[PDB]
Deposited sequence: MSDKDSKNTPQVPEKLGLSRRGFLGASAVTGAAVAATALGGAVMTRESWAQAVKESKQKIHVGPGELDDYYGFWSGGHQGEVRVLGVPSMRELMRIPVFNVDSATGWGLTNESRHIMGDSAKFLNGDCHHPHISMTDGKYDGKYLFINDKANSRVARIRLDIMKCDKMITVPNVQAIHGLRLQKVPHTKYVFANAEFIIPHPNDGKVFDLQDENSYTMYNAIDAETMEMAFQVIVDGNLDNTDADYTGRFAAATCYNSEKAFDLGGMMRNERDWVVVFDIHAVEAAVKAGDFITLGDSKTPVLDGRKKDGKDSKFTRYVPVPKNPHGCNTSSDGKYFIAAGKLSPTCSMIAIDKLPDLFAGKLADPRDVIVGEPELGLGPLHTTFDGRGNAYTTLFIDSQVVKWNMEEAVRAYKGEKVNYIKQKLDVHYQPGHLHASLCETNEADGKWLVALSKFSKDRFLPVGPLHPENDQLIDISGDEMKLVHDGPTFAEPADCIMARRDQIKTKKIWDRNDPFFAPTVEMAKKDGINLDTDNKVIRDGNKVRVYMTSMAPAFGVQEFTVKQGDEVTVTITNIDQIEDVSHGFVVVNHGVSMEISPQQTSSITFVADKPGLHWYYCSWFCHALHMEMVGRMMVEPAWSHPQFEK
C-alpha cells in the first residue's frame, strides 16, 4: 500500500534533495522532498542580483566570454555517479539558448565551471556516464548547421551540414570528443558499463536511436584518427552512415516515430525510447549491442526486444527498481505504470497484460522522475511528473501560468497523487537524491578554487585577504581590499577620481555559520553576497562625482541598517 507521509512540519526535515532545472529562467533550484519547498536557488546562466552571479569577477571568470549573455534555457539536471550510484560530487545541466554545459559543486551549491560547446547550436539532451564513474558528460546538440558556418553555405542538406554528439570531461570541464551523426539529436542516456551510450534522433515512418560505442571512439582518439573543426582542438569523429556503410562508432536502430525520451532502466537491461507520435515505447536490449557492433546480427531492429503499446503521446520513462517502468502520456495526460519483462514477453507473442495502472495528471505531462531512478539503487518511493498546462489547479495569476509538478507516491502497488507543486518558467526535468547522498560545507574553505584567482590577484598586490583593509592605487585603477565582520565594513570610506575603475574585494571573516554580508553601491548597478570565509569581488566605474553610499544588503545583525560606507568621487 502507498502510504508515505508528505507533511514535513515545523522542525522536521525533508528526506530527499530535489534538484530542479530552472527552465527558461536559467538557474538550478534545490527543493526538499516530500515537502516540495524550494530551499535554495543556484544561479547558473541567469544574472542573480542577490549574490552577484553574473556581476562579480569570480562568476564572470567561470562564465568566460559567455558572461555577456544574460539568459539561459536549461532542462536536464543530473548528478555524478560512481559504480552506478550517485556520489554527491557534481550536478551538470544544459543551456539550450547559448549552447553551454554547466557544472555545479554540490558541497558549496554553486556553479564552478562552464563551457560553451564548440561548433554546435543548442545543447538540449544531457546525461552522465554511470560506470565505472562519471568520466564523461554526454550532451546533444539539437540543430543541424553548416560546417564551417561562415555564411557561404546555408543549405542544411549540404554534405557538411550536420549536428554532433558531445562528450565533456566531467572533471576538467574541457571537451573530450565530438561525434558527427545523421539527423537531429533529442535525448540521451548511458549504460551501466561505460561502453555504450544512446540518443534519440528525429528528422533523419521511422527515425532512430543512435547507439555510440564509446570504447571505439576512445580508441580512435588515442590513435589520432580524428579531425578537428574550425579553431577548436576537440577531436571530431564521423559517426554518419556512408553509402549505407556503418561507422565503427555508431549504429542506427530504427524506432517510431520522432522518438523523444531516451531512458536507461535501473537494472541496466534497456535503453527505452519513448514513441511520442507512436503510442509505444521501444526497448533496446543493451546486452545485444556488442553483437550488433560485431556484425553478428542480421538487422539493427534485432536489438529491439519490446514495443509495448501504452497510450497517446509517450514522452519519457522512469523506474521504481522493482521491475516497473513509468511513462508520461502527454496527450492522454496520464502516467502509465507497466512491467518491463512482461512487455518483453508480449513482444514475443505471449498474451500477457504488462500495463498495471494509469493515473491522471494535470495536465499534459512531459518529463517524470522516480527517486534514484538513474542509479542501480532506484528505490521506488517517490515520483514527480512535470506537467506543462496547470489550467485551474492553482489560483489565476494573469496570462502566464505555472507548471504543475505533481508528487506521486509509488511505494506501493498503486500510484497515489499527493501534491501539486507550481513552478516558474517550465523546469521540464528534475533529479532526486537521498539526504545522506549530499554533503555540504557549512562555511567556505579559504583555499577554495571558486575564488582562487582573486586570491592570486591579492597576492600580486601584497594583500593578506584574511586581515588587510587597504586601498591600492594603480593609475586610473583602484583596488579596495577589506574584511567584513558584522556589523562593520573593514573599509568604511574611500576616495577616487571620476572615471576610475574600482574593484572592491571583500573577505567575510565572521566565523558563525549563516552570517552573510552583502555589498551594494547605490545607483551604480553593483550587488554581491559574501558568505562566511568567502572572498568576493566586483568591478565598476565611478562615473558619477560626489558622495555615493554603499551598504550591506543581507540582514546580518541588529545593527544591519547601519553597516554602511561612503565612496567619495572627486570630479574630473
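- In this entry, the deposited residues absent from the coordinate set span 1-54, 259-270, 639-646.
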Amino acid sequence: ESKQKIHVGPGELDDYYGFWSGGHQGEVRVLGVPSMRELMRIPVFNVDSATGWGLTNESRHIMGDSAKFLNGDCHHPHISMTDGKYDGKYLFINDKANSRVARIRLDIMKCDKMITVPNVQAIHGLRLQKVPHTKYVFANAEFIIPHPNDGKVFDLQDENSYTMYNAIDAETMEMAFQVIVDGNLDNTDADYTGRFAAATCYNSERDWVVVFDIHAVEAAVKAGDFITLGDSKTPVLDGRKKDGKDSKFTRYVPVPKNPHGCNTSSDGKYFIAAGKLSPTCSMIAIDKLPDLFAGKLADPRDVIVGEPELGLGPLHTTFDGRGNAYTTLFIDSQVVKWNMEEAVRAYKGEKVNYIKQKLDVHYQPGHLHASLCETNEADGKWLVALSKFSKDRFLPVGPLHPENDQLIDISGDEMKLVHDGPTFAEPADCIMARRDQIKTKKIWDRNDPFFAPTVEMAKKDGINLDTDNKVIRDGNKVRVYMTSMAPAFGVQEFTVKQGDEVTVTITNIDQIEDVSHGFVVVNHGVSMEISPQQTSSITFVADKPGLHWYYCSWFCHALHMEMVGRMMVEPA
From here on, numbers count along this sequence of modelled residues.
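- When 347-355 is weighed against 132-140, 347-355 comes out higher, by mean CA B-factor as recorded in the entry.
- Averaged over Cα atoms, the B-factor as recorded in the entry is higher for 155-163 than for the other of 155-163 and 431-439.
- Highest C-alpha temperature factor among 335, 277, 199, 410 per the entry: 277.
- If you compare the C-alpha temperature factors of 367, 401, 78, 85 in the entry, 401 comes out highest.
- For residue 526, the recorded CA temperature factor ranks within the lowest third of the chain's modelled residues.
- Placement of the Cα temperature factor of residue 125 within the chain: middle third of the modelled residues, per the deposited record.
- Residue 43 sits in the lowest third of its chain by CA B factor, as recorded in the PDB entry.
- When the CA B factors of the chain's modelled residues are split into thirds, the value for residue 549 lands in the lowest one.
- Sorting the modelled residues of the chain by their CA temperature factor places residue 543 in the middle third.
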